[PDB]
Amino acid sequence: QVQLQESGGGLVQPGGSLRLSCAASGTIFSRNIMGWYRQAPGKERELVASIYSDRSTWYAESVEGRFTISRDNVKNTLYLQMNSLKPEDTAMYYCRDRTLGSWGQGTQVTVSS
């Protein structure tokens, strides 16, 4: 029974703030590498952020300085703070256990006027 469930998606005004969460279940969470993907219509699934066992983080150049990924090994939840949003960030955000390979359902994040 391994499942990843995203939460906190929706619509927001450009330049605002939004936070995504991802509750992991049935995995060795603390050992695995967690990451956040996104998929725009007509585009591929590009890796945005990634966090490792030693809580070290990785970010994309088109994201760096804005988004923040963190993990909670106690509650087995993966977060993603998204500040200063842009209309180019409008896509489908998926959370993934990069070690095990298990994907999530994915939530929708749109930024328009």
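Heads up: residue numbers just count along the shown sequence, starting at 1.
Chemist: For the C-alpha atoms alone, is the average B factor greater in 8 to 16 or in 89 to 97, going by the entry?
Modeler: On average, C-alpha B-factors are higher across 8 to 16.
Chemist: Averaged over C-alpha atoms, is the B-factor higher for 48 to 56 or for 73 to 81 in this PDB entry?
Modeler: It is 73 to 81 that shows the higher mean C-alpha B-factor.
Chemist: What's the residue among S102, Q105, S25, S21 with the greatest CA temperature factor in the PDB record?
Modeler: By C-alpha B-factor in the record, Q105 ranks first.
Chemist: Would you mind checking where the Cα B-factor of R31 ranks among the modelled residues of its chain, as the lowest, middle or highest third?
Modeler: For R31, whose C-alpha B-factor we compare with every modelled residue in the chain, the answer is the lowest third.
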